[PDB]
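1. Before the rest arrives, take these chains from my complex:
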Amino acid sequence: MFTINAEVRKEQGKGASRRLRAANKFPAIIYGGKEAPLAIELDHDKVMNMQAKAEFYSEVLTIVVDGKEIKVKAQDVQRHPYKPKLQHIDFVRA
Amino acid sequence: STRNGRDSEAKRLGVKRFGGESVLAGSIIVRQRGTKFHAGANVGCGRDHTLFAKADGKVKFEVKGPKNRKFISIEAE
Amino acid sequence: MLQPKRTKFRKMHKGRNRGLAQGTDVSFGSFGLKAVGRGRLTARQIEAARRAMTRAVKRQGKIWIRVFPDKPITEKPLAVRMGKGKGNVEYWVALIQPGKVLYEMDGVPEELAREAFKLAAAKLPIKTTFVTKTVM
Amino acid sequence: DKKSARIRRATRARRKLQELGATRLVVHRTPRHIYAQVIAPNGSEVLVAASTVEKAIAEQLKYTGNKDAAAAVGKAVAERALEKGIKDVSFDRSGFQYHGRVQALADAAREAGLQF
């Protein structure tokens, strides 16, 4: 049910992702096997709160990238070692 | 505490002529302890498993073998 | 007091303690006491912080200790000059990195664990935090 | 495995002839036939091959697969090899003991001008 807005990532790397995570946004990617993977950036406070629901990891979400909507499922996540934060979310194109 | 403090002189092992080097016949390529690099084409194997050139040319390292063993070979180029 | 039996080597190098920890998740239990600081945490500060929380929950519930010292720390005696050999082993410490989940417990209501873990975090040199099992 | 033991019985002898770079005359023997082919030091291409399954060899032979049949193919491989200019080969064994049909296969080929 959750619909999350996201934008494509212009630059990628280490210094180009710690730059994002200091602006209350974290990177994530969508991969679905038969299609080219889509690396996107998306907000933190609007997805850290929504992940608190147990249903975030069980239903088919929706991501709005450049107008179109992609139905995905949360495949994996990386969390900060000692803070209530996120670093990456792996989305599989369900 | 005590009952220690002994060591042996370093034996100066290792690869002496790295890949792509032009060697003369009979020049030591690698000084070994076991057989880590095996003898390939146009190289020998001394009693210490020392790999020496047998005909002058350019050294070349290879990974031939069913067991993925390192072979040192020489091309007379 | 936790300490390995039949270890390969009697004395070990000092080494350094850099990086983030590996066991950062609550897997065996439901509520955990995740470390936030850095520094060695010995074998007596584990038992002293364990009794404090196997007693604050009476005796019911399961308790998991996810660290083990396995690191001998020597100490030169008093009035002994320097050199003349490495000192003898005196205690065992467990190196802690920020992120390690030290203790975890299950079978209790959350507010009881959140108080039991408070009486154990007062016996540990390093800062700690209370973390809860997550879906992943 | 009765064949894996044989194939690893002759590996040391086989892999020395790759290092020496010498043309070898490998030999295969079966309870019914016996083959013999000449293989270049490259090891991937053959030059001369004679065997007891060819209709031009087994037609005048009582029974393929015995000592006098081995001498019939040992003669053949030596004439073909000398016809193309190959004279200095080395004898492979393929794990068979150099005692029976292989010995007559080698002895007959040796007598027909081949040098090994």
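-> Sure, I can see it. Numbers count the residues shown, from 1 in each chain, chains lettered A, B, ... in the order given.
2. ok, residue 12 - contacts?
-> Looking at chain A here, since you left the chain open. Remark: with contacts taken as C-beta atoms under 8 Å, 6 or more residues apart in numbering or on different chains, residue A:12 is in contact with A:27, A:39. Quick note: C-beta positions are derived from backbone N, CA and C, even for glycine.
3. that's the wrong chain, I wanted chain B
-> Residue B:12 makes contact with residue B:31, according to C-beta under 8 Å, 6+ apart.
4. Doesn't it belong to a helix?
-> No - using DSSP: H, G, I helix; E, B strand; the rest coil, the assignment for residue B:12 is coil, not a helix.
5. so what's the backbone phi/psi at it?
-> The main-chain torsion angles of residue B:12 are listed as degrees, to the nearest 10 and equal phi 60, psi 60.
6. how close does it sit to residue B:39?
-> Residue B:12 sits 21 Å away from residue B:39, going by C-beta to C-beta, to the nearest Å.
7. Return the distance of residue C:47 relative to residue C:41.
-> Noted for residue C:47: a distance of 12 Å to residue C:41, by C-beta to C-beta.
8. also put chain E on there:
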Amino acid sequence: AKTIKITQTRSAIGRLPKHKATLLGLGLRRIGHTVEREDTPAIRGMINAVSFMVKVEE
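-> So, slotting chain E in with the rest:
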């Protein structure tokens, strides 16, 4: 083809022995020295190696 102007803006007192030779390769001698070198993927590799002392008005 197109030449490139390099000027040194920092001293070479405590630099590593590799950064002192790179200045020799470029040809710079003192602070404020300007040289005009040929543009080339090997010359531009020199600038990147010492791209804290030299300043380029390309």
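9. what about the strands in chain D?
-> Counting by DSSP state E, chain D forms strands over residues D:24-29, D:34-39, D:46-51, D:90-91, given from the N-terminal end onward.
10. angle of the second one against strand D:46-51?
-> Relative orientation of strand D:34-39 and strand D:46-51, computed by axes from the mean of the first three to the mean of the last three C-alpha atoms, to 10 degrees: 170 degrees.
11. element containing residue 73?
-> If you meant another chain, say so; for now it's chain A. Of the helices and strands defined by DSSP states H and E, residue A:73 is found in strand A:68-79.
12. that's the wrong chain, I wanted chain B
-> strand B:70-75.
13. Name every strand pairing with the helix or strand just after the strand holding residue A:73 and say which way it goes.
-> Per DSSP H and E, the first helix or strand lying C-terminal to strand A:68-79 is strand A:86-92. Sheet partners assigned to strand A:86-92 using DSSP bridges are listed as strand A:25-31 (parallel), strand A:68-79 (antiparallel).
14. check contacts around the nearest residue to residue A:35 once chain neighbours are set aside.
-> Leaving out its chain neighbours, the residue that sits closest to residue A:35 by C-beta to C-beta, 6 or more residues apart in numbering or on different chains is residue A:93, at 6.6 Å. Applying C-beta under 8 Å, 6+ apart to residue A:93 gives the contacts A:30, A:31, A:32, A:33, A:35, A:70, A:71, A:72.
15. Extend the structure above with RNA strand F:
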RNA sequence: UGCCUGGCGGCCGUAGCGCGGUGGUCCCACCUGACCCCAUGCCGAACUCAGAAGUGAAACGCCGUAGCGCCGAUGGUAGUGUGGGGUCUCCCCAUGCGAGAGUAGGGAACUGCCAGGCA
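-> With RNA strand F now in place:
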């Protein structure tokens, strides 16, 4: 020109293991006999010789199957060269290199020179 079988290699698990099926005109394997050439630290079991009655059971090859072995991204993470910085027994910034594990997935090989049988 195609199919199958045998030998010698390249190649090395995307190539190996397990499970189901299938092949005997030729090749191959099991097989018959052993006084003989030859052998058992006893035994023709292995090696070897003399052949063809039988079979494709075992073995081997071929075909299918993911239950294992194996290969394996993109993104992120760790580390690190150079230059700065911090509350500097540990970290951050700019820039360059960038893993390991794991995920999606791939996958039960490909090929060359000869010699046979069949069409």
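16. The contacts of residue A:93 with RNA strand F there, same question as before?
-> For residue A:93, the residues meeting the contact criterion (C-beta under 8 Å, 6+ apart) are A:30, A:31, A:32, A:33, A:35, A:70, A:71, A:72.
17. Considering only those residues, which also neighbour RNA strand F?
-> Checked against RNA strand F using C-beta under 7 Å from any atom of the strand, the contacts of residue A:93 yield the following neighbours: A:31, A:32, A:33.
18. if we can go back for a sec, may I see the buried residues of the strand holding residue B:73?
-> Within strand B:70-75, the residues that qualify as buried by neighbour count (16 or more other C-beta atoms under 10 Å in any protein chain shown) are B:71, B:72, B:73, B:74.
19. Pipe the residues you listed into CSV and attach distance to residue C:54 per row.
-> Shown next, in CSV, are the buried residues of strand B:70-75 (distance: C-beta to C-beta, whole Å):
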residue, distance to residue C:54
B:71, 62
B:72, 63
B:73, 67
B:74, 70
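20. picking that back up, show me what the strand holding residue B:73 is in contact with.
-> Taking C-beta under 8 Å, 6+ apart as the criterion, the residues outside strand B:70-75 that touch it are B:23, B:29-30, B:36-43, B:51, B:53-65.
21. Quick one: buried ones out of those residues?
-> Neighbour-count burial (16+ other C-beta under 10 Å) applied to these gives B:23, B:29-30, B:37-43, B:51, B:53-54, B:57, B:59-61.
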